[PDB]
Amino acid sequence: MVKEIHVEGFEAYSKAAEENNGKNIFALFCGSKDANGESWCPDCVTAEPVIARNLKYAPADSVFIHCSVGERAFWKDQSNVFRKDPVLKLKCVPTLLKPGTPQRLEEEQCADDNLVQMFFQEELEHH
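Residues numbered from 1 in each chain as written, not as in the entry; some residues may be left out. Heavy atoms only, no water.

Enquirer: Hey, could you run me through the sheet that holds strand β3 (residues 62-68) in this one?
Expert: Neighbouring strands of a sheet are bound in pairs by backbone hydrogen bonds; such pairs are parallel or else antiparallel. Taken together, 5 strands build an open sheet; the order of strands is β1-β3-β2-β4-β5 and the sheet is mixed. Single-partner strands in this sheet number two, and they are β1 (3-8) and β5 (104-106). Averaged over all pairs of adjacent strands, the angle between their axes in this sheet comes to 15°, without regard to strand direction. Where β1 and β3 come together, 6 bridges link them in parallel fashion. Within β3, the residue paired with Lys3 across the bridge is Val63. Packing of helix α1 (residues 10-19) onto the sheet brings it into contact with β1, β2 (24-30) and β3, and relative to β1 it is tilted by some 155°. (Pairing = 2+ DSSP bridges. Helix = DSSP H or I, 4+ residues; strand = E, 2+ residues; numbered from the N terminus. Axes fitted to C-alpha atoms, helices over the stretch in contact; angles between N-to-C directions. Contact = heavy atoms within 4.5 Å.)

Below, the structure is given as structure tokens:
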């Protein structure tokens, strides 16, 4: 099974990634949840169940960090750390990423079972 972590914001994400430095790290970046547990980001609401039922394809000794990037106002700021971070370089939420690899899925791709399986298996090709 995957070690699952849920954090709010870039600093909490950074701490989880550094504390799991040895492991195969997969990350999801999504809009923060309201008090009903729903992302402000419809594409994130859509992707959550597809990701949860594909987590089983992640390899042994894997960590999955679910990072809430903040509220919509914060996200829409093109200067925000997630977008400007030279490793993450987020274009959008949701993004599934294995940080430091081209293993990346964006937007509708995060709700695609075959793509999310390939992601967790590091089988996406970038021709």
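Enquirer: Is there a simple way to think about helix α2 (residues 42-54) in this case?
Expert: What sets the pattern is the α-helix's 3.6 residues per turn: residues three or four places apart point alike. Its 13 residues place the ends of α2 19 Å apart at the C-alpha level, agreeing with the 18 Å of an ideal helix rising 1.5 Å per residue. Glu48 marks where α2 bends most, by close to 30°; the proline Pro49 follows one to four residues later. Those residues of α2 that fall on the buried side of the exposure criterion are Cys44, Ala47, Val50, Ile51 and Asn54. Those residues of α2 that are buried lie in contact with β2, β3, β4 (95-97) and α5 (113-120). (Expected span 1.5 Å × (residues − 1). Bend = angle between axes of the 7 residues up to and from the residue. Buried < 20%, exposed > 50% of the residue type's maximum accessible area, 1.4 Å probe, protein only.)

Enquirer: Teacher, can you tell me more about the pattern of salt bridges here?
Expert: Side chains carrying opposite charge are able to pair once their charged atoms draw close together. Overall, the coordinates contain 2 salt bridges when judged by the stated rule. Across the salt bridge formed by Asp113 and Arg53, the nearest N and O atoms sit 2.6 Å from each other. Here the residue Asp113 occupies a position in helix α5, and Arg53 occupies one in helix α2, the gap between them amounting to 60 residues. Judged by relative accessible area, which is 30%, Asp113 ranks as partly exposed. Take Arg53: its relative accessible area is 45%, and that puts it in the partly exposed class. Across the pair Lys98 and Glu122 runs a salt bridge, and its minimum N-O distance is 2.8 Å. Within this pair, whereas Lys98 is found in the loop between β4 and β5, its partner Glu122 is found in the segment after α5, the two being separated by 24 residues in sequence. Looking at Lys98, the relative accessible area reads 11%, which means it is buried. The partly exposed category is assigned to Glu122, whose relative accessible area is 33%. (Salt bridge = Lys/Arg side-chain N within 4 Å of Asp/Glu carboxyl O.)

Enquirer: Would you mind going over the packing of aromatic side chains with me for this structure?
Expert: Two numbers describe a pair of aromatic rings. These are the distance of the centres and the angle of the planes. Overall, the coordinates contain 8 aromatic pairs when judged by the stated rule. Relative to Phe120, the ring of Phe64 has its centre 6.2 Å away and its plane inclined at 70°; by these criteria the two rings are edge-to-face. Residue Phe64 is located in strand β3, and its partner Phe120 is located in helix α5; the two are separated by 56 residues in the primary sequence. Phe120 carries the same exposure label as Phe64, and that label is buried. (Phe/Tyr/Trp six-rings, centres within 6.5 Å; stacked < 30°, edge-to-face > 60°.)

Enquirer: In this structure, what is going on with the packing of α2 against α5? I would like to understand it.
Expert: The description of two helices packed together rests on the angle between their axes and the distance between the axes. Here α2 crosses α5 at 50°, and the two axes come no closer than 9 Å. Taken together, the axis directions place α2 and α5 in an arrangement best described as oblique. The handedness of the crossing between α2 and α5 is right-handed. Judged by residue contacts, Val50, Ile51, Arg53 and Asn54 of α2 engage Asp113, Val116, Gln117 and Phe120 from α5. Here the residues of the contact of α2 with α5 are counted per class, giving 4 nonpolar, 2 polar and 2 charged. (Parallel < 35°, antiparallel > 145°, perpendicular 65-115°, else oblique. Left-handed = near helix turned anticlockwise from the far one by under 90°. Nonpolar A, V, L, I, M, F, W, Y, C, P; charged D, E, K, R; others polar.)

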